[PDB]
Amino acid sequence: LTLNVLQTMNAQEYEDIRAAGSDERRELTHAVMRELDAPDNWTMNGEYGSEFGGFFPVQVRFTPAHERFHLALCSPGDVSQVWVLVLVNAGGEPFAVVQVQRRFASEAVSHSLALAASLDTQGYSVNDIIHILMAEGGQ
Amino acid sequence: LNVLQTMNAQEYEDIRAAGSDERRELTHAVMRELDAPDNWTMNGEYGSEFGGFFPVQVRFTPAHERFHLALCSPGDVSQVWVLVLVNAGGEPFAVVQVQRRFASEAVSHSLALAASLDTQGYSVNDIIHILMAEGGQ
C-alpha cells in the first residue's frame with residue numbers, strides 16, 4: 001500500500017478493504033496515516049471499528065491538545081466519492097468541509113493541519129480558522 | 001414535513017450554524033416524522049457525540065446493539081439524505097438508501113424491514129443486500 005496505490009484506488013476499492021476485515025482495514029488506515037504529519041502537540045488517531053461513526057473506510061482525526069475542536073480526514077467510499085477534510089467544533093458548531101480531494105493528496109492535508117495549528121496557537125477563533133482553511137483548501 | 005423536503009443542503013447547514021437551539025428543533029422535527037421499530041431506540045445528535053458530520057443525524061439501534069442505522073441529512077458532506085447500516089466493529093457497512101428529498105415514510109419502512117429481517121434471523125450481510133434492493137441502491 002504505497003502512496004500511489006492510495007491515490008489510484010477508487011471509492012469501491014476503499015469499501016472493499018473495509019469489507020475484507022478488521023486487520024485489512026487497520027493496515028489501510030496505517031498506510032494513510034504514515035503519509036501524514038500530525039502537528040506538534042496534536043494527536044492523530046484512526047478509526048479501527050466504529051468509534052468515529054464508521055461512515056468512511058478510512059477516517060483519521062487530528063486533535064489539538066486542548067481538544068476544543070478536531071479535524072477529520074474522511075476517505076472515498078459509499079458515502080463520498082472524494083476525500084473530505086472537515087473541521088468540527090466540540091458541540092457540533094461551527095462545522096465545515098475545508099477541503100475536498102479527488103485523489104489522496106497527503107502533503108496538502110498535512111499543510112492544512114499545520115496551518116490550522118499555527119492559527120490556533122496564534123489565537124484565531126474557530127470561525128476564522130474555518131474561513132481561512134476553506135480559502136487555503138479551495139473550498 | 002414539507003419544509004424539510006423543501007430545504008436544500010445549505011439551509012440544513014445554515015440551521016446548524018444558527019445555533020444549538022435551532023439545530024435541536026430541526027433534529028426533533030425530523031425525528032417526529034419517523035417511527036422507530038418496536039424494541040429499538042431513536043436518538044438524534046445534539047452536539048458532536050455522533051461525529052458532527054451532518055446537520056441532522058438520527059441513530060436507530062436495536063436493544064441487542066449488534067448493529068445500528070443512521071440517517072444523515074444533506075449539508076456540506078452530502079447533497080442527499082443517506083441511510084447507512086453500521087455493524088459492530090465498522091464492518092459490514094453500507095449506504096442502504098439515498099434520498100434527494102426527505103421521505104419520512106420510506107425511512108420508517110426501511111427500518112421496519114431491517115427489524116423484521118433481524119428477528120427472522122438474517123445475517124447483517126444479508127440485511128444489507130436486502131435493504132439496498134428495497135432502498136433502490
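Basis for what follows: all heavy atoms, side chains included, without hydrogens, waters or symmetry-related copies. Below, read A as the first sequence line, B as the second, and so on, with proteins coming before strands; counting in each chain starts at 1.
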Neighbour count above 12 (heavy atom, 6.0 Å) for [X] [atom1]:
{"X": "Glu51(A)", "atom1": "CD", "result": "yes"}
{"X": "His30(A)", "atom1": "NE2", "result": "yes"}
{"X": "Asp126(B)", "atom1": "CG", "result": "yes"}
{"X": "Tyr122(B)", "atom1": "OH", "result": "no"}
{"X": "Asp38(B)", "atom1": "CG", "result": "no"}
{"X": "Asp14(B)", "atom1": "CG", "result": "yes"}

Which atoms of [X] are under 4.5 Å from chain B, going by heavy atoms: the side chain, the backbone, both sets, or neither?
{"X": "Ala72(A)", "answer": "side chain"}
{"X": "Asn127(A)", "answer": "neither"}
{"X": "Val88(A)", "answer": "side chain"}

Problem - Cluster overlap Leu73(A) with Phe52(A), hydrophobic side-chain contacts below 4.5 Å - result: no
Exercise for the section: Look at the side-chain heavy atoms of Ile, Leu, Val, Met, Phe, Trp and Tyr, link any pair under 4.5 Å apart, and say whether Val80(B) and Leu111(B) land in one connected group. Expected result: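 No, because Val80(B) and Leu111(B) fall into different hydrophobic clusters, even though each may have its own neighbours under 4.5 Å.
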Engaged part of [X] at the chain A interface, taking heavy atoms whose separation is under 4.5 Å:
{"X": "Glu45(B)", "value": "neither"}
{"X": "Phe93(B)", "value": "both"}
{"X": "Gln57(B)", "value": "side chain"}

Practice task
Could you pull out the closest heavy-atom pair between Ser48(B) and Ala90(A), with the gap in Å?
Solution key: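 That would be OG-CA, 4.0 Å.
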Completion exercise
Closest heavy-atom pair, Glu91(B) versus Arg18(A), reported as atoms and distance to 0.1 Å, is CG-O, 3.1 Å
Exercise for the section: For the residue pair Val95(B) and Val79(A), establish whether any side-chain heavy-atom pair is separated by less than 4.5 Å. Expected result: yes
Handout entry: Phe56(A) and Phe53(B) aromatic centres sub-6.0 Å
Key = yes
Practice task
Could you check which of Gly75(B), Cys72(B), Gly90(B) has the highest count of heavy-atom pairs closer than 4.5 Å to chain A?
Solution key: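 With the most close heavy-atom pairs to chain A, the winner is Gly90(B).
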Problem - Largest heavy-atom contact set with chain A, pairs under 4.5 Å, which of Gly51(B), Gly52(B), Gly47(B) - result: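 Going by pairs under 4.5 Å, I would pick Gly47(B).
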